[PDB]
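See below for data_0.txt, which holds compact mmCIF, N, CA, C and O atoms.
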```txt
# COMPACT_ATOMS: atom_id res chain seq x y z
N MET K 318 -29.26 29.31 -84.40
CA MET K 318 -30.15 30.29 -84.98
C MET K 318 -30.86 30.93 -83.84
O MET K 318 -31.43 30.26 -83.01
N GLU K 319 -30.74 32.20 -83.73
CA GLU K 319 -31.27 32.90 -82.63
C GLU K 319 -32.15 34.04 -83.00
O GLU K 319 -31.91 34.75 -83.98
N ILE K 320 -33.19 34.16 -82.25
CA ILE K 320 -34.22 35.10 -82.46
C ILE K 320 -34.47 35.87 -81.19
O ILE K 320 -34.82 35.31 -80.16
N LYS K 321 -34.24 37.13 -81.25
CA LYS K 321 -34.52 37.99 -80.15
C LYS K 321 -35.96 38.44 -80.23
O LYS K 321 -36.40 38.93 -81.25
N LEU K 322 -36.66 38.26 -79.16
CA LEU K 322 -38.05 38.63 -79.09
C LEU K 322 -38.24 39.59 -77.95
O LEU K 322 -37.45 39.60 -77.01
N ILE K 323 -39.22 40.42 -78.06
CA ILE K 323 -39.59 41.28 -76.98
C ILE K 323 -40.87 40.75 -76.38
O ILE K 323 -41.90 40.72 -77.04
N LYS K 324 -40.78 40.25 -75.17
CA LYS K 324 -41.92 39.64 -74.52
C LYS K 324 -42.87 40.72 -74.04
O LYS K 324 -42.44 41.73 -73.53
N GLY K 325 -44.14 40.48 -74.16
CA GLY K 325 -45.11 41.49 -73.83
C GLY K 325 -46.41 40.91 -73.32
O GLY K 325 -46.43 39.78 -72.83
N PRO K 326 -47.54 41.64 -73.46
CA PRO K 326 -48.86 41.23 -72.93
C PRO K 326 -49.47 40.01 -73.64
O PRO K 326 -50.44 39.44 -73.18
N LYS K 327 -48.91 39.64 -74.77
CA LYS K 327 -49.39 38.46 -75.49
C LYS K 327 -48.37 37.35 -75.33
O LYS K 327 -48.42 36.32 -76.01
N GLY K 328 -47.43 37.59 -74.44
CA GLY K 328 -46.37 36.67 -74.15
C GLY K 328 -45.27 36.84 -75.13
O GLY K 328 -44.85 37.97 -75.41
N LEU K 329 -44.79 35.74 -75.64
CA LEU K 329 -43.82 35.76 -76.72
C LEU K 329 -44.60 35.67 -78.02
O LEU K 329 -44.13 36.03 -79.12
N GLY K 330 -45.82 35.18 -77.87
CA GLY K 330 -46.74 35.12 -78.96
C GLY K 330 -46.62 33.89 -79.82
O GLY K 330 -46.72 33.98 -81.04
N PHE K 331 -46.40 32.75 -79.22
CA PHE K 331 -46.41 31.49 -79.96
C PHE K 331 -46.75 30.35 -79.03
O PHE K 331 -46.76 30.53 -77.81
N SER K 332 -47.03 29.20 -79.58
CA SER K 332 -47.36 28.05 -78.80
C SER K 332 -46.40 26.93 -79.13
O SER K 332 -46.12 26.64 -80.31
N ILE K 333 -45.88 26.31 -78.11
CA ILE K 333 -44.93 25.24 -78.29
C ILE K 333 -45.50 23.94 -77.83
O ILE K 333 -46.44 23.91 -77.04
N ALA K 334 -44.97 22.88 -78.38
CA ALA K 334 -45.27 21.54 -78.01
C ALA K 334 -44.05 20.70 -78.25
O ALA K 334 -43.55 20.62 -79.38
N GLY K 335 -43.52 20.19 -77.21
CA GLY K 335 -42.40 19.32 -77.30
C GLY K 335 -41.85 19.11 -75.94
O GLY K 335 -42.19 19.86 -75.03
N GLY K 336 -41.10 18.10 -75.77
CA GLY K 336 -40.52 17.83 -74.50
C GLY K 336 -40.71 16.40 -74.20
O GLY K 336 -41.35 15.71 -74.98
N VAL K 337 -40.20 15.95 -73.07
CA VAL K 337 -40.31 14.57 -72.63
C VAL K 337 -41.78 14.10 -72.65
O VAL K 337 -42.61 14.52 -71.82
N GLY K 338 -42.10 13.31 -73.66
CA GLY K 338 -43.42 12.77 -73.80
C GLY K 338 -44.31 13.59 -74.73
O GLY K 338 -45.34 13.09 -75.19
N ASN K 339 -43.96 14.85 -74.95
CA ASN K 339 -44.73 15.73 -75.85
C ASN K 339 -43.97 15.96 -77.15
O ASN K 339 -44.19 16.94 -77.83
N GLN K 340 -43.05 15.05 -77.46
CA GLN K 340 -42.23 15.15 -78.65
C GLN K 340 -43.11 15.35 -79.90
O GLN K 340 -44.00 14.56 -80.19
N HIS K 341 -42.88 16.47 -80.56
CA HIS K 341 -43.67 16.86 -81.72
C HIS K 341 -43.31 16.00 -82.92
O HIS K 341 -44.17 15.50 -83.63
N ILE K 342 -42.03 15.80 -83.11
CA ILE K 342 -41.57 15.01 -84.22
C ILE K 342 -41.12 13.66 -83.70
O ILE K 342 -40.33 13.60 -82.76
N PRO K 343 -41.67 12.55 -84.26
CA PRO K 343 -41.29 11.18 -83.87
C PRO K 343 -39.79 10.93 -83.92
O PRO K 343 -39.19 10.89 -85.00
N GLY K 344 -39.19 10.84 -82.76
CA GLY K 344 -37.78 10.58 -82.66
C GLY K 344 -37.01 11.80 -82.22
O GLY K 344 -35.82 11.71 -81.91
N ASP K 345 -37.67 12.94 -82.14
CA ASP K 345 -36.99 14.17 -81.79
C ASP K 345 -37.69 14.81 -80.58
O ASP K 345 -38.72 15.49 -80.71
N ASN K 346 -37.13 14.58 -79.41
CA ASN K 346 -37.75 14.94 -78.12
C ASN K 346 -37.50 16.43 -77.77
O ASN K 346 -37.41 16.82 -76.60
N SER K 347 -37.45 17.26 -78.77
CA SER K 347 -37.17 18.67 -78.57
C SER K 347 -38.47 19.47 -78.48
O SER K 347 -39.57 18.94 -78.72
N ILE K 348 -38.34 20.73 -78.12
CA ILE K 348 -39.46 21.63 -78.04
C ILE K 348 -39.72 22.18 -79.44
O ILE K 348 -38.80 22.68 -80.08
N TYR K 349 -40.94 22.08 -79.93
CA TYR K 349 -41.25 22.55 -81.26
C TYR K 349 -42.36 23.56 -81.27
O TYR K 349 -43.36 23.41 -80.57
N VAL K 350 -42.17 24.59 -82.04
CA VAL K 350 -43.16 25.62 -82.23
C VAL K 350 -44.31 25.02 -83.03
O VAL K 350 -44.13 24.63 -84.16
N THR K 351 -45.44 24.90 -82.42
CA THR K 351 -46.57 24.25 -83.04
C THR K 351 -47.58 25.27 -83.57
O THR K 351 -48.33 24.99 -84.50
N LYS K 352 -47.57 26.45 -83.01
CA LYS K 352 -48.47 27.51 -83.42
C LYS K 352 -47.78 28.83 -83.14
O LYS K 352 -46.89 28.89 -82.31
N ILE K 353 -48.18 29.85 -83.84
CA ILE K 353 -47.66 31.18 -83.63
C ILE K 353 -48.85 32.12 -83.51
O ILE K 353 -49.74 32.09 -84.35
N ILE K 354 -48.86 32.91 -82.46
CA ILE K 354 -50.00 33.75 -82.10
C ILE K 354 -49.96 35.09 -82.85
O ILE K 354 -48.88 35.70 -83.04
N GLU K 355 -51.13 35.55 -83.25
CA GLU K 355 -51.31 36.75 -84.05
C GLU K 355 -50.74 37.98 -83.34
O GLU K 355 -50.99 38.22 -82.15
N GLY K 356 -49.90 38.70 -84.05
CA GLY K 356 -49.33 39.91 -83.51
C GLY K 356 -48.31 39.64 -82.42
O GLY K 356 -47.87 40.56 -81.75
N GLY K 357 -47.95 38.38 -82.25
CA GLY K 357 -46.98 38.02 -81.27
C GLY K 357 -45.60 38.48 -81.66
O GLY K 357 -45.34 38.72 -82.86
N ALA K 358 -44.72 38.59 -80.69
CA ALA K 358 -43.36 39.02 -80.94
C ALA K 358 -42.70 38.09 -81.91
O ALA K 358 -42.04 38.53 -82.84
N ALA K 359 -42.94 36.80 -81.75
CA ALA K 359 -42.36 35.81 -82.65
C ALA K 359 -43.02 35.82 -84.04
O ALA K 359 -42.50 35.26 -84.99
N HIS K 360 -44.13 36.49 -84.14
CA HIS K 360 -44.83 36.63 -85.39
C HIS K 360 -44.38 37.93 -86.08
O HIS K 360 -44.50 38.09 -87.29
N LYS K 361 -43.93 38.87 -85.30
CA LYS K 361 -43.47 40.11 -85.86
C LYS K 361 -41.97 40.16 -86.05
O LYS K 361 -41.49 40.32 -87.16
N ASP K 362 -41.25 40.00 -84.98
CA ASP K 362 -39.78 40.04 -84.99
C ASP K 362 -39.30 38.68 -85.31
O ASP K 362 -38.36 38.49 -86.04
N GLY K 363 -40.05 37.74 -84.78
CA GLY K 363 -39.68 36.35 -84.68
C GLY K 363 -39.08 35.69 -85.87
O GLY K 363 -38.23 34.86 -85.69
N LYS K 364 -39.51 36.06 -87.08
CA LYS K 364 -39.10 35.36 -88.35
C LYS K 364 -39.10 33.81 -88.18
O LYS K 364 -38.41 33.08 -88.89
N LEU K 365 -39.99 33.35 -87.30
CA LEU K 365 -40.04 31.99 -86.80
C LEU K 365 -41.08 31.20 -87.58
O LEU K 365 -42.06 31.79 -88.08
N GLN K 366 -40.89 29.91 -87.68
CA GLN K 366 -41.80 29.08 -88.39
C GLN K 366 -42.37 28.00 -87.50
O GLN K 366 -41.74 27.57 -86.52
N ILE K 367 -43.59 27.60 -87.78
CA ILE K 367 -44.17 26.48 -87.10
C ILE K 367 -43.38 25.23 -87.51
O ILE K 367 -43.27 24.92 -88.69
N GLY K 368 -42.81 24.54 -86.54
CA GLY K 368 -41.97 23.40 -86.83
C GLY K 368 -40.53 23.63 -86.41
O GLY K 368 -39.68 22.75 -86.57
N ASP K 369 -40.25 24.81 -85.88
CA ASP K 369 -38.93 25.13 -85.36
C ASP K 369 -38.64 24.48 -84.03
O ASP K 369 -39.50 24.44 -83.13
N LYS K 370 -37.42 23.97 -83.91
CA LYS K 370 -36.93 23.28 -82.72
C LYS K 370 -36.22 24.25 -81.81
O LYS K 370 -35.22 24.86 -82.18
N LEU K 371 -36.71 24.40 -80.63
CA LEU K 371 -36.10 25.27 -79.69
C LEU K 371 -35.03 24.54 -78.93
O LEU K 371 -35.30 23.52 -78.29
N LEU K 372 -33.85 25.06 -79.04
CA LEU K 372 -32.68 24.56 -78.36
C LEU K 372 -32.68 25.13 -76.97
O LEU K 372 -32.33 24.45 -76.00
N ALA K 373 -33.05 26.39 -76.87
CA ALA K 373 -32.98 27.08 -75.61
C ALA K 373 -33.77 28.36 -75.62
O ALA K 373 -34.17 28.87 -76.67
N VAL K 374 -33.99 28.89 -74.44
CA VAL K 374 -34.59 30.21 -74.29
C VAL K 374 -33.77 30.97 -73.26
O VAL K 374 -33.56 30.50 -72.15
N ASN K 375 -33.19 32.11 -73.68
CA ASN K 375 -32.26 32.94 -72.85
C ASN K 375 -31.06 32.14 -72.54
O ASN K 375 -30.35 32.32 -71.57
N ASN K 376 -30.86 31.28 -73.49
CA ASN K 376 -29.81 30.30 -73.59
C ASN K 376 -29.91 29.20 -72.49
O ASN K 376 -28.96 28.45 -72.25
N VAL K 377 -31.08 29.09 -71.88
CA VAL K 377 -31.35 28.00 -70.95
C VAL K 377 -31.79 26.82 -71.79
O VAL K 377 -32.74 26.95 -72.57
N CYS K 378 -31.10 25.70 -71.65
CA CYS K 378 -31.31 24.51 -72.46
C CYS K 378 -32.73 23.93 -72.37
O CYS K 378 -33.23 23.62 -71.28
N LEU K 379 -33.35 23.80 -73.52
CA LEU K 379 -34.68 23.20 -73.69
C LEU K 379 -34.55 21.81 -74.32
O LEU K 379 -35.55 21.17 -74.67
N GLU K 380 -33.32 21.37 -74.46
CA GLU K 380 -33.01 20.09 -75.04
C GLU K 380 -33.40 18.96 -74.10
O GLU K 380 -32.80 18.81 -73.04
N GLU K 381 -34.43 18.21 -74.51
CA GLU K 381 -34.95 17.06 -73.79
C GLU K 381 -35.31 17.38 -72.32
O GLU K 381 -34.64 16.97 -71.37
N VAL K 382 -36.32 18.20 -72.16
CA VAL K 382 -36.84 18.58 -70.86
C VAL K 382 -38.34 18.37 -70.88
O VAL K 382 -38.90 18.09 -71.94
N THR K 383 -38.99 18.49 -69.77
CA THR K 383 -40.42 18.26 -69.71
C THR K 383 -41.13 19.48 -70.32
O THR K 383 -40.68 20.61 -70.13
N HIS K 384 -42.24 19.26 -71.01
CA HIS K 384 -42.95 20.36 -71.71
C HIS K 384 -43.22 21.54 -70.77
O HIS K 384 -42.85 22.65 -71.07
N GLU K 385 -43.78 21.26 -69.60
CA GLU K 385 -44.09 22.32 -68.64
C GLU K 385 -42.83 23.00 -68.11
O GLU K 385 -42.83 24.20 -67.84
N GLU K 386 -41.77 22.25 -68.07
CA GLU K 386 -40.51 22.71 -67.55
C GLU K 386 -39.93 23.71 -68.54
O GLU K 386 -39.47 24.79 -68.16
N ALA K 387 -40.08 23.39 -69.81
CA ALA K 387 -39.65 24.24 -70.88
C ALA K 387 -40.52 25.48 -70.95
O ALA K 387 -40.01 26.59 -70.95
N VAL K 388 -41.85 25.28 -70.96
CA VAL K 388 -42.79 26.40 -71.07
C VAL K 388 -42.58 27.40 -69.95
O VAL K 388 -42.64 28.60 -70.18
N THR K 389 -42.28 26.91 -68.77
CA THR K 389 -42.00 27.77 -67.63
C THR K 389 -40.76 28.67 -67.88
O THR K 389 -40.74 29.84 -67.48
N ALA K 390 -39.78 28.14 -68.61
CA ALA K 390 -38.58 28.88 -68.91
C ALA K 390 -38.88 30.01 -69.90
O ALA K 390 -38.33 31.09 -69.81
N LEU K 391 -39.80 29.75 -70.84
CA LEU K 391 -40.20 30.79 -71.78
C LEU K 391 -41.18 31.75 -71.12
O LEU K 391 -41.26 32.92 -71.50
N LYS K 392 -41.93 31.27 -70.15
CA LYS K 392 -42.87 32.12 -69.46
C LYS K 392 -42.20 33.12 -68.56
O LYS K 392 -42.63 34.29 -68.50
N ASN K 393 -41.12 32.72 -67.92
CA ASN K 393 -40.36 33.60 -67.06
C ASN K 393 -39.40 34.45 -67.87
O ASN K 393 -38.19 34.28 -67.83
N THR K 394 -39.98 35.29 -68.66
CA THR K 394 -39.28 36.22 -69.50
C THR K 394 -40.01 37.54 -69.41
O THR K 394 -41.24 37.55 -69.25
N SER K 395 -39.30 38.61 -69.50
CA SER K 395 -39.93 39.91 -69.46
C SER K 395 -39.22 40.84 -70.41
O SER K 395 -38.01 40.99 -70.33
N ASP K 396 -39.99 41.33 -71.36
CA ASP K 396 -39.63 42.37 -72.34
C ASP K 396 -38.41 42.06 -73.23
O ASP K 396 -38.05 42.85 -74.08
N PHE K 397 -37.82 40.90 -73.07
CA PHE K 397 -36.70 40.51 -73.88
C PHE K 397 -36.54 39.00 -73.77
O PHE K 397 -36.69 38.43 -72.68
N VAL K 398 -36.33 38.37 -74.89
CA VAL K 398 -36.11 36.94 -74.98
C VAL K 398 -35.05 36.67 -76.04
O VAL K 398 -35.10 37.24 -77.12
N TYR K 399 -34.11 35.84 -75.72
CA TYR K 399 -33.13 35.39 -76.68
C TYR K 399 -33.47 33.93 -76.99
O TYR K 399 -33.14 33.02 -76.23
N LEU K 400 -34.19 33.72 -78.04
CA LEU K 400 -34.65 32.41 -78.41
C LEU K 400 -33.59 31.69 -79.23
O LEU K 400 -33.06 32.24 -80.19
N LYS K 401 -33.29 30.48 -78.84
CA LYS K 401 -32.30 29.68 -79.48
C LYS K 401 -33.01 28.55 -80.22
O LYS K 401 -33.57 27.66 -79.58
N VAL K 402 -33.02 28.63 -81.53
CA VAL K 402 -33.70 27.65 -82.38
C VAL K 402 -32.69 26.94 -83.33
O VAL K 402 -31.59 27.49 -83.67
N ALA K 403 -33.03 25.72 -83.66
CA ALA K 403 -32.38 24.91 -84.63
C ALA K 403 -33.48 24.25 -85.42
O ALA K 403 -34.61 24.19 -84.95
N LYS K 404 -33.21 23.82 -86.60
CA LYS K 404 -34.22 23.13 -87.36
C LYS K 404 -34.13 21.67 -86.94
O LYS K 404 -33.07 21.26 -86.44
N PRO K 405 -35.24 20.90 -87.06
CA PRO K 405 -35.33 19.49 -86.64
C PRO K 405 -34.04 18.69 -86.90
O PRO K 405 -33.66 18.43 -88.03
N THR K 406 -33.37 18.33 -85.82
CA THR K 406 -32.03 17.81 -85.90
C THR K 406 -31.97 16.29 -85.90
O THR K 406 -31.18 15.69 -86.64
N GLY K 407 -32.82 15.68 -85.15
CA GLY K 407 -32.78 14.25 -85.06
C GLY K 407 -33.90 13.66 -85.84
O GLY K 407 -34.41 12.59 -85.52
N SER K 408 -34.26 14.34 -86.88
CA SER K 408 -35.36 14.00 -87.69
C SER K 408 -35.22 14.70 -89.05
O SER K 408 -34.12 15.15 -89.40
N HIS K 409 -36.30 14.75 -89.81
CA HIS K 409 -36.29 15.41 -91.11
C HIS K 409 -36.18 16.92 -90.91
O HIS K 409 -37.14 17.57 -90.49
N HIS K 410 -35.03 17.45 -91.20
CA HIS K 410 -34.76 18.87 -91.07
C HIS K 410 -35.47 19.69 -92.13
O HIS K 410 -35.55 19.30 -93.29
N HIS K 411 -36.00 20.80 -91.70
CA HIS K 411 -36.71 21.74 -92.51
C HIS K 411 -36.76 22.98 -91.66
O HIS K 411 -36.86 24.10 -92.17
N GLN G 141 -48.20 20.95 -63.37
CA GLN G 141 -49.14 20.16 -64.16
C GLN G 141 -50.15 21.07 -64.85
O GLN G 141 -51.30 20.68 -65.15
N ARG G 142 -49.69 22.25 -65.20
CA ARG G 142 -50.49 23.28 -65.79
C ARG G 142 -50.28 23.17 -67.27
O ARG G 142 -51.23 23.01 -68.04
N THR G 143 -49.03 23.22 -67.66
CA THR G 143 -48.66 22.94 -69.01
C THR G 143 -48.36 21.45 -69.03
O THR G 143 -47.98 20.88 -68.00
N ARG G 144 -48.53 20.80 -70.14
CA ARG G 144 -48.59 19.37 -70.11
C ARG G 144 -48.16 18.80 -71.43
O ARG G 144 -48.03 19.54 -72.40
N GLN G 145 -47.91 17.54 -71.46
CA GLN G 145 -47.58 16.84 -72.66
C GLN G 145 -48.84 16.42 -73.41
O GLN G 145 -49.90 16.27 -72.80
N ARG G 146 -48.69 16.20 -74.71
CA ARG G 146 -49.79 15.91 -75.66
C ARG G 146 -50.72 17.10 -75.85
O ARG G 146 -51.86 16.94 -76.24
N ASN G 147 -50.17 18.29 -75.64
CA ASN G 147 -50.89 19.53 -75.90
C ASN G 147 -49.92 20.66 -76.05
O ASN G 147 -48.87 20.65 -75.39
N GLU G 148 -50.20 21.60 -76.92
CA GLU G 148 -49.33 22.74 -77.06
C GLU G 148 -49.82 23.84 -76.13
O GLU G 148 -50.94 23.78 -75.63
N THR G 149 -48.98 24.78 -75.83
CA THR G 149 -49.38 25.87 -74.98
C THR G 149 -48.65 27.15 -75.39
O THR G 149 -47.48 27.12 -75.79
N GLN G 150 -49.38 28.26 -75.35
CA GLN G 150 -48.83 29.57 -75.65
C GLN G 150 -47.91 30.01 -74.53
O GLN G 150 -48.20 29.79 -73.34
N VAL G 151 -46.81 30.61 -74.91
CA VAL G 151 -45.82 31.08 -73.98
C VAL G 151 -46.04 32.55 -73.62
O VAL G 151 -45.81 33.45 -74.48
```

Could you rewrite the structure in this file as structure tokens?
Amino acid sequence: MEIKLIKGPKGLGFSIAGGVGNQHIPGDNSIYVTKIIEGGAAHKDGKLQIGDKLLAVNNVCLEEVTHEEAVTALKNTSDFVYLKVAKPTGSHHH
Amino acid sequence: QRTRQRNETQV
């Protein structure tokens, strides 16, 4: 499931929490969208939900990486983002 | 160590 976002002055416009040690869902060490920022790209184009598992960003694997390591990959984006999401896979999917 | 575990962060 992929979501193209246009990165801008508010970033991508969401907040993530997940990664090695920051696992949002017990048993699922993936990056999870924990908040979505007002007027953010992911709030407008994003069609994204709080609780979404990020597989990758610009198809760079976010699967079991350190939170800061992942966030840096989403941060190093400019005016375009290809967000790769899956719903909670190793846990209760929704 | 800017972004961290046990906390969410805006991208």

When the cut-off is 8 Å and we count only N, CA, C and O atoms, which residues of chain K are near chain G, given as a ChimeraX atom specification?
/K:324-340,349-352,354,383-389,391-393

Can I get the selected residues back with N, CA, C and O atoms, as a compact mmCIF listing (two decimals), keeping the file's coordinate frame?
```
# COMPACT_ATOMS: atom_id res chain seq x y z
N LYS K 324 -40.78 40.25 -75.17
CA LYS K 324 -41.92 39.64 -74.52
C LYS K 324 -42.87 40.72 -74.04
O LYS K 324 -42.44 41.73 -73.53
N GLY K 325 -44.14 40.48 -74.16
CA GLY K 325 -45.11 41.49 -73.83
C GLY K 325 -46.41 40.91 -73.32
O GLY K 325 -46.43 39.78 -72.83
N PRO K 326 -47.54 41.64 -73.46
CA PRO K 326 -48.86 41.23 -72.93
C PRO K 326 -49.47 40.01 -73.64
O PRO K 326 -50.44 39.44 -73.18
N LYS K 327 -48.91 39.64 -74.77
CA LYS K 327 -49.39 38.46 -75.49
C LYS K 327 -48.37 37.35 -75.33
O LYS K 327 -48.42 36.32 -76.01
N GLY K 328 -47.43 37.59 -74.44
CA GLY K 328 -46.37 36.67 -74.15
C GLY K 328 -45.27 36.84 -75.13
O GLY K 328 -44.85 37.97 -75.41
N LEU K 329 -44.79 35.74 -75.64
CA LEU K 329 -43.82 35.76 -76.72
C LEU K 329 -44.60 35.67 -78.02
O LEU K 329 -44.13 36.03 -79.12
N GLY K 330 -45.82 35.18 -77.87
CA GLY K 330 -46.74 35.12 -78.96
C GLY K 330 -46.62 33.89 -79.82
O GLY K 330 -46.72 33.98 -81.04
N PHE K 331 -46.40 32.75 -79.22
CA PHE K 331 -46.41 31.49 -79.96
C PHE K 331 -46.75 30.35 -79.03
O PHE K 331 -46.76 30.53 -77.81
N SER K 332 -47.03 29.20 -79.58
CA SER K 332 -47.36 28.05 -78.80
C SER K 332 -46.40 26.93 -79.13
O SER K 332 -46.12 26.64 -80.31
N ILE K 333 -45.88 26.31 -78.11
CA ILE K 333 -44.93 25.24 -78.29
C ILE K 333 -45.50 23.94 -77.83
O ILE K 333 -46.44 23.91 -77.04
N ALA K 334 -44.97 22.88 -78.38
CA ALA K 334 -45.27 21.54 -78.01
C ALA K 334 -44.05 20.70 -78.25
O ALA K 334 -43.55 20.62 -79.38
N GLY K 335 -43.52 20.19 -77.21
CA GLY K 335 -42.40 19.32 -77.30
C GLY K 335 -41.85 19.11 -75.94
O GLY K 335 -42.19 19.86 -75.03
N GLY K 336 -41.10 18.10 -75.77
CA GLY K 336 -40.52 17.83 -74.50
C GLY K 336 -40.71 16.40 -74.20
O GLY K 336 -41.35 15.71 -74.98
N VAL K 337 -40.20 15.95 -73.07
CA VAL K 337 -40.31 14.57 -72.63
C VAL K 337 -41.78 14.10 -72.65
O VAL K 337 -42.61 14.52 -71.82
N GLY K 338 -42.10 13.31 -73.66
CA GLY K 338 -43.42 12.77 -73.80
C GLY K 338 -44.31 13.59 -74.73
O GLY K 338 -45.34 13.09 -75.19
N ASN K 339 -43.96 14.85 -74.95
CA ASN K 339 -44.73 15.73 -75.85
C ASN K 339 -43.97 15.96 -77.15
O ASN K 339 -44.19 16.94 -77.83
N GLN K 340 -43.05 15.05 -77.46
CA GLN K 340 -42.23 15.15 -78.65
C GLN K 340 -43.11 15.35 -79.90
O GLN K 340 -44.00 14.56 -80.19
N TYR K 349 -40.94 22.08 -79.93
CA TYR K 349 -41.25 22.55 -81.26
C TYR K 349 -42.36 23.56 -81.27
O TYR K 349 -43.36 23.41 -80.57
N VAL K 350 -42.17 24.59 -82.04
CA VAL K 350 -43.16 25.62 -82.23
C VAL K 350 -44.31 25.02 -83.03
O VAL K 350 -44.13 24.63 -84.16
N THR K 351 -45.44 24.90 -82.42
CA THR K 351 -46.57 24.25 -83.04
C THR K 351 -47.58 25.27 -83.57
O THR K 351 -48.33 24.99 -84.50
N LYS K 352 -47.57 26.45 -83.01
CA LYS K 352 -48.47 27.51 -83.42
C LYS K 352 -47.78 28.83 -83.14
O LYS K 352 -46.89 28.89 -82.31
N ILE K 354 -48.86 32.91 -82.46
CA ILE K 354 -50.00 33.75 -82.10
C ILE K 354 -49.96 35.09 -82.85
O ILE K 354 -48.88 35.70 -83.04
N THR K 383 -38.99 18.49 -69.77
CA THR K 383 -40.42 18.26 -69.71
C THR K 383 -41.13 19.48 -70.32
O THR K 383 -40.68 20.61 -70.13
N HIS K 384 -42.24 19.26 -71.01
CA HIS K 384 -42.95 20.36 -71.71
C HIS K 384 -43.22 21.54 -70.77
O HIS K 384 -42.85 22.65 -71.07
N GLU K 385 -43.78 21.26 -69.60
CA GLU K 385 -44.09 22.32 -68.64
C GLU K 385 -42.83 23.00 -68.11
O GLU K 385 -42.83 24.20 -67.84
N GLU K 386 -41.77 22.25 -68.07
CA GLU K 386 -40.51 22.71 -67.55
C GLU K 386 -39.93 23.71 -68.54
O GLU K 386 -39.47 24.79 -68.16
N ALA K 387 -40.08 23.39 -69.81
CA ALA K 387 -39.65 24.24 -70.88
C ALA K 387 -40.52 25.48 -70.95
O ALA K 387 -40.01 26.59 -70.95
N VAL K 388 -41.85 25.28 -70.96
CA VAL K 388 -42.79 26.40 -71.07
C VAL K 388 -42.58 27.40 -69.95
O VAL K 388 -42.64 28.60 -70.18
N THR K 389 -42.28 26.91 -68.77
CA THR K 389 -42.00 27.77 -67.63
C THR K 389 -40.76 28.67 -67.88
O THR K 389 -40.74 29.84 -67.48
N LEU K 391 -39.80 29.75 -70.84
CA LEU K 391 -40.20 30.79 -71.78
C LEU K 391 -41.18 31.75 -71.12
O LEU K 391 -41.26 32.92 -71.50
N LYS K 392 -41.93 31.27 -70.15
CA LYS K 392 -42.87 32.12 -69.46
C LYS K 392 -42.20 33.12 -68.56
O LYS K 392 -42.63 34.29 -68.50
N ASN K 393 -41.12 32.72 -67.92
CA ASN K 393 -40.36 33.60 -67.06
C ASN K 393 -39.40 34.45 -67.87
O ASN K 393 -38.19 34.28 -67.83
```

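Using all atoms listed in the file, every residue with an atom at most 7 Å from the point (-28.7, 33.1, -80.0) is listed here: residues 318, 319, 320, 321, 399, 400, 401 and 402 of chain K.
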
Would you please give, as JSON, numbers by chain, all residues of chain K that DSSP assigns to alpha helix (DSSP H) based on the backbone?
{"K": [358, 359, 360, 361, 384, 385, 386, 387, 388, 389, 390, 391, 392]}

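When atom N of residue 356 (chain K) is paired with atom C of residue 398 (chain K), their separation reads 17.0 Å.
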